[PDB]
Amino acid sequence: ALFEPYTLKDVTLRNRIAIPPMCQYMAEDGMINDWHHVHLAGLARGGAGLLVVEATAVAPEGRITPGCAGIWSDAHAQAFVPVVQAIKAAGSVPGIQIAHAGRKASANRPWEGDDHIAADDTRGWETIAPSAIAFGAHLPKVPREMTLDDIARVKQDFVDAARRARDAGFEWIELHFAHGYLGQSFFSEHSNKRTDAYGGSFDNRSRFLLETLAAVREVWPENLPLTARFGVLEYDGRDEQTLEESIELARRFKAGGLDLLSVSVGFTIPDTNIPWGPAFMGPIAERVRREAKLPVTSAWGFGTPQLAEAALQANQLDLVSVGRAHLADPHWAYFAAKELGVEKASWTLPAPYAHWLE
């Protein structure tokens, strides 16, 4: 099952292995470079059917850190062209996750503190969010409450980002509405205390996300997969209520043209108790897939080939996202093919490699 092709709209993936977006923190002023080119081209040659580029900021203040990639200008977008072309040359589908970090923005790289940048550090910047409330813990900075014009501008930033991704050659797009960043924070009652049209009720909290999706849909080709990542629960003691609302939003996403949903955890606040475990997201993703009748993918621990295979065979997911295993071994798809006893497993790789490994 892991090596069966998958067709969504006009795009066909050679297998069900998806490399989820994984920040590299190697960009400068949002511009990607040879780190990203080699990293991504190398992964594409590894055999995966889909390669989704890391969270790319739609605006400067939407970066998580000073090392995050951006696509807030045509120059930023053009930098992606040679990479997109190399990914296609390798036979993998090029995708990209566009995002805005919201209150979790202006933070240090993970190996450089992983915390909000100091007030007197020249690299930092003011964060924006639905309400002026801090995440807490290692991200204590209180963000600035967005005005209606800030909301209009951020939506347009997402539109510009999607238009740029389209013209750069990407064939798959993912809106980052998860992990406590801007989109996720608008949906969660923990972070959204607004009393206007963008806060309060389920309809109001969903508004920013739905309007952004609709706005993006106007510029994103209808024959190319339009997707999003969304945290459907927080493990904050309100899981049943939260999951029910999240599933309802997933239904609205589908009706609004979403082709597939990447199911994740919210990470909206720090006071939670997440039951980490191999493929622990499987059951949750399956319920969303079933109740919203929408294709899904999920991640965490699927680097074990048999787990990926099992999840697909049980129809818990349509695509299996494998992250860290690809950082350890960019040719994981080849390792997986061997593990599952696929015929001519070495040919998951290009001839220059395959010929000698068969």
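Numbering starts at 1 and runs along the sequence shown.
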For the stretches 272-280 and 208-216, which has the higher mean C-alpha B-factor as given in the deposited record? 272-280
Stretch with the higher entry mean CA B-factor, where the candidates are 197-205 and 179-187: 197-205
By the entry's C-alpha temperature factors, tell me which of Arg166, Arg123, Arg251, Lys88 sits highest. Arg123
Can you pull the Cα B-factors for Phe158, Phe80, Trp111, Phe170 from the entry and say which is highest? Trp111
Ranked by Cα temperature factor within the chain, is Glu309 in the lowest third, the middle third or the highest third? middle
Here the Cα B-factor of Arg290, set against its chain, lands in the third termed highest
Based on the deposited C-alpha B factors for this chain, I'd like to know if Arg103 is in the lowest, middle or highest third. lowest
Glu54's Cα B-factor: lowest, middle or highest third of the chain? lowest
Looking at the C-alpha B-factor of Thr297, is it in the lowest, middle or highest third of its chain? middle
